[PDB]
file data.txt (compact mmCIF, N, CA, C and O atoms)
# COMPACT_ATOMS: atom_id res chain seq x y z
N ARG A 3486 0.88 -1.20 0.00
CA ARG A 3486 0.00 0.00 0.00
C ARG A 3486 0.90 1.23 0.00
O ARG A 3486 0.70 2.10 -0.82
N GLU A 3487 1.88 1.29 0.90
CA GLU A 3487 2.67 2.54 0.98
C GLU A 3487 3.37 2.68 -0.37
O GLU A 3487 3.48 3.84 -0.86
N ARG A 3488 3.85 1.60 -0.99
CA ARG A 3488 4.61 1.72 -2.24
C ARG A 3488 3.67 2.32 -3.27
O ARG A 3488 4.01 3.30 -3.88
N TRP A 3489 2.45 1.82 -3.34
CA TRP A 3489 1.52 2.33 -4.36
C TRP A 3489 1.21 3.78 -4.08
O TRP A 3489 1.11 4.57 -5.02
N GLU A 3490 1.10 4.14 -2.82
CA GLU A 3490 0.87 5.56 -2.49
C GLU A 3490 2.00 6.43 -3.04
O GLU A 3490 1.67 7.42 -3.75
N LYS A 3491 3.28 6.07 -2.84
CA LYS A 3491 4.33 6.92 -3.43
C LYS A 3491 4.17 6.89 -4.96
O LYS A 3491 4.40 7.93 -5.59
N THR A 3492 3.81 5.75 -5.52
CA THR A 3492 3.64 5.66 -6.99
C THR A 3492 2.62 6.72 -7.45
O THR A 3492 2.87 7.40 -8.42
N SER A 3493 1.52 6.94 -6.71
CA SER A 3493 0.52 7.95 -7.02
C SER A 3493 1.13 9.34 -6.96
O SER A 3493 0.89 10.17 -7.85
N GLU A 3494 1.99 9.59 -5.96
CA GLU A 3494 2.63 10.89 -5.86
C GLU A 3494 3.44 11.19 -7.11
O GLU A 3494 3.35 12.29 -7.67
N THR A 3495 4.17 10.19 -7.61
CA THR A 3495 4.98 10.40 -8.80
C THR A 3495 4.11 10.81 -9.98
O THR A 3495 4.51 11.68 -10.77
N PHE A 3496 2.89 10.25 -10.07
CA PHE A 3496 2.03 10.59 -11.20
C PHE A 3496 1.71 12.08 -11.21
O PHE A 3496 1.66 12.70 -12.28
N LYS A 3497 1.56 12.69 -10.03
CA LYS A 3497 1.32 14.13 -9.98
C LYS A 3497 2.47 14.88 -10.64
O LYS A 3497 2.24 15.74 -11.50
N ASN A 3498 3.71 14.51 -10.30
CA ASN A 3498 4.86 15.14 -10.94
C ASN A 3498 4.82 14.93 -12.44
O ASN A 3498 5.14 15.84 -13.21
N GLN A 3499 4.38 13.75 -12.88
CA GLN A 3499 4.30 13.48 -14.31
C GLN A 3499 3.32 14.44 -14.98
O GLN A 3499 3.60 14.94 -16.08
N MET A 3500 2.19 14.74 -14.30
CA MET A 3500 1.30 15.79 -14.80
C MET A 3500 2.07 17.07 -15.06
O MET A 3500 2.04 17.62 -16.17
N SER A 3501 2.84 17.51 -14.07
CA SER A 3501 3.52 18.80 -14.18
C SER A 3501 4.53 18.82 -15.32
O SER A 3501 4.96 19.90 -15.73
N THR A 3502 4.91 17.65 -15.84
CA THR A 3502 5.92 17.54 -16.87
C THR A 3502 5.32 17.23 -18.24
O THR A 3502 6.03 17.32 -19.25
N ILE A 3503 4.01 16.97 -18.33
CA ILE A 3503 3.45 16.45 -19.58
C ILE A 3503 3.51 17.49 -20.69
O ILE A 3503 4.01 17.21 -21.79
N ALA A 3504 3.09 18.73 -20.40
CA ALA A 3504 2.80 19.71 -21.45
C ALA A 3504 4.01 19.97 -22.32
O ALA A 3504 4.02 19.63 -23.52
N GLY A 3505 5.08 20.50 -21.72
CA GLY A 3505 6.30 20.76 -22.47
C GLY A 3505 6.81 19.53 -23.19
O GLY A 3505 7.21 19.62 -24.36
N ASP A 3506 6.72 18.36 -22.55
CA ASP A 3506 7.21 17.14 -23.17
C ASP A 3506 6.48 16.90 -24.48
O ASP A 3506 7.12 16.72 -25.53
N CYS A 3507 5.15 17.00 -24.46
CA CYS A 3507 4.38 16.80 -25.68
C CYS A 3507 4.79 17.80 -26.74
O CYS A 3507 4.97 17.43 -27.91
N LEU A 3508 5.03 19.05 -26.33
CA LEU A 3508 5.51 20.06 -27.26
C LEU A 3508 6.78 19.59 -27.94
O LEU A 3508 6.84 19.50 -29.17
N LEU A 3509 7.77 19.17 -27.15
CA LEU A 3509 9.05 18.78 -27.72
C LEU A 3509 8.92 17.54 -28.58
O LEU A 3509 9.77 17.31 -29.44
N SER A 3510 7.87 16.74 -28.38
CA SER A 3510 7.61 15.62 -29.27
C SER A 3510 6.78 16.05 -30.46
O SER A 3510 7.06 15.63 -31.59
N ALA A 3511 5.79 16.92 -30.24
CA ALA A 3511 4.87 17.29 -31.31
C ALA A 3511 5.61 17.96 -32.45
O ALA A 3511 5.47 17.56 -33.62
N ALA A 3512 6.44 18.95 -32.12
CA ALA A 3512 7.30 19.58 -33.11
C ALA A 3512 8.13 18.54 -33.85
O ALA A 3512 8.22 18.58 -35.08
N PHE A 3513 8.69 17.58 -33.12
CA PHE A 3513 9.52 16.57 -33.76
C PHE A 3513 8.72 15.76 -34.76
O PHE A 3513 9.24 15.37 -35.81
N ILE A 3514 7.45 15.50 -34.46
CA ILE A 3514 6.65 14.72 -35.41
C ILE A 3514 6.31 15.57 -36.63
O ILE A 3514 6.12 15.03 -37.73
N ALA A 3515 6.23 16.89 -36.47
CA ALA A 3515 5.72 17.76 -37.53
C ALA A 3515 6.84 18.35 -38.38
O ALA A 3515 6.76 18.32 -39.61
N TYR A 3516 7.87 18.88 -37.74
CA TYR A 3516 8.87 19.70 -38.43
C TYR A 3516 10.08 18.89 -38.89
O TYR A 3516 10.35 18.80 -40.09
N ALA A 3517 10.80 18.30 -37.94
CA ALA A 3517 12.14 17.77 -38.22
C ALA A 3517 12.06 16.34 -38.74
O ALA A 3517 12.61 15.40 -38.17
N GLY A 3518 11.38 16.19 -39.88
CA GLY A 3518 11.23 14.91 -40.53
C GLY A 3518 12.14 14.74 -41.73
O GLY A 3518 12.55 13.63 -42.05
N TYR A 3519 12.46 15.85 -42.40
CA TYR A 3519 13.37 15.83 -43.53
C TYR A 3519 14.83 15.89 -43.11
O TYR A 3519 15.69 15.35 -43.82
N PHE A 3520 15.13 16.51 -41.98
CA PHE A 3520 16.50 16.79 -41.60
C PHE A 3520 17.24 15.50 -41.24
O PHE A 3520 16.64 14.46 -40.97
N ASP A 3521 18.56 15.60 -41.25
CA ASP A 3521 19.40 14.49 -40.83
C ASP A 3521 19.38 14.35 -39.31
O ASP A 3521 18.82 15.19 -38.59
N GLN A 3522 20.00 13.28 -38.81
CA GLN A 3522 19.98 13.00 -37.38
C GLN A 3522 20.67 14.10 -36.59
O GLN A 3522 20.19 14.50 -35.52
N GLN A 3523 21.79 14.61 -37.09
CA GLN A 3523 22.54 15.62 -36.36
C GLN A 3523 21.73 16.90 -36.22
O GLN A 3523 21.65 17.48 -35.13
N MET A 3524 21.11 17.36 -37.31
CA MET A 3524 20.32 18.58 -37.22
C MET A 3524 19.02 18.34 -36.47
O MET A 3524 18.50 19.27 -35.84
N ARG A 3525 18.48 17.12 -36.53
CA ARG A 3525 17.34 16.78 -35.67
C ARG A 3525 17.69 16.98 -34.21
O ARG A 3525 16.95 17.62 -33.46
N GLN A 3526 18.84 16.44 -33.79
CA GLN A 3526 19.25 16.59 -32.39
C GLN A 3526 19.57 18.04 -32.06
O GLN A 3526 19.28 18.50 -30.95
N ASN A 3527 20.15 18.78 -33.01
CA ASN A 3527 20.45 20.19 -32.77
C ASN A 3527 19.17 20.99 -32.56
O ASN A 3527 19.07 21.81 -31.63
N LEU A 3528 18.16 20.76 -33.41
CA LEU A 3528 16.88 21.44 -33.26
C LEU A 3528 16.22 21.06 -31.94
O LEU A 3528 15.64 21.92 -31.26
N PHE A 3529 16.28 19.78 -31.57
CA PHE A 3529 15.67 19.35 -30.32
C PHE A 3529 16.35 20.01 -29.13
O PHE A 3529 15.68 20.43 -28.18
N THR A 3530 17.68 20.11 -29.16
CA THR A 3530 18.39 20.78 -28.07
C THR A 3530 18.03 22.26 -28.01
O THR A 3530 17.89 22.82 -26.93
N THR A 3531 17.89 22.91 -29.17
CA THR A 3531 17.50 24.32 -29.19
C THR A 3531 16.11 24.50 -28.59
O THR A 3531 15.89 25.41 -27.77
N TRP A 3532 15.17 23.65 -28.98
CA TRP A 3532 13.81 23.74 -28.44
C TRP A 3532 13.81 23.48 -26.94
O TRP A 3532 13.12 24.17 -26.18
N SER A 3533 14.56 22.47 -26.49
CA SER A 3533 14.62 22.17 -25.06
C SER A 3533 15.23 23.33 -24.28
O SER A 3533 14.75 23.66 -23.19

call {"tool": "encode", "arguments": {"input": "data.txt", "output": "structure tokens"}}
result
Amino acid sequence: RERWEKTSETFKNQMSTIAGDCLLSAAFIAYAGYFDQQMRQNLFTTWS
């Protein structure tokens, strides 16, 4: 029970992290599809 309770607490933190994460993925699905791997990673680092 206590373990599952801490597991629930972590989910709250995951809420606080969802939005930006989806952004950094959404752009990746939309924009950086033609670019090479190096420029993909460069763009991702710039966005992050």

call {"tool": "atom_distance", "arguments": {"input": "data.txt", "atom1": "CA of residue 3491 in chain A", "atom2": "CA of residue 3510 in chain A"}}
result
27.5 Å

call {"tool": "select_by_dssp", "arguments": {"input": "data.txt", "residues": "chain A", "states": "alpha helix (DSSP H)", "output": "count of residues only"}}
result
40

call {"tool": "residues_around", "arguments": {"input": "data.txt", "residues": "residue 3528 in chain A", "least_positions_apart": "6", "cutoff": "8 Å", "atoms": "only N, CA, C and O atoms", "output": "NGL selection string"}}
result
:A and (3509 or 3517 or 3521-3522)

call {"tool": "atom_distance", "arguments": {"input": "data.txt", "atom1": "atom N of residue 3525 in chain A", "atom2": "atom O of residue 3502 in chain A"}}
result
21.3 Å

call {"tool": "atom_distance", "arguments": {"input": "data.txt", "atom1": "atom N of residue 3512 in chain A", "atom2": "CA of residue 3527 in chain A"}}
result
14.1 Å
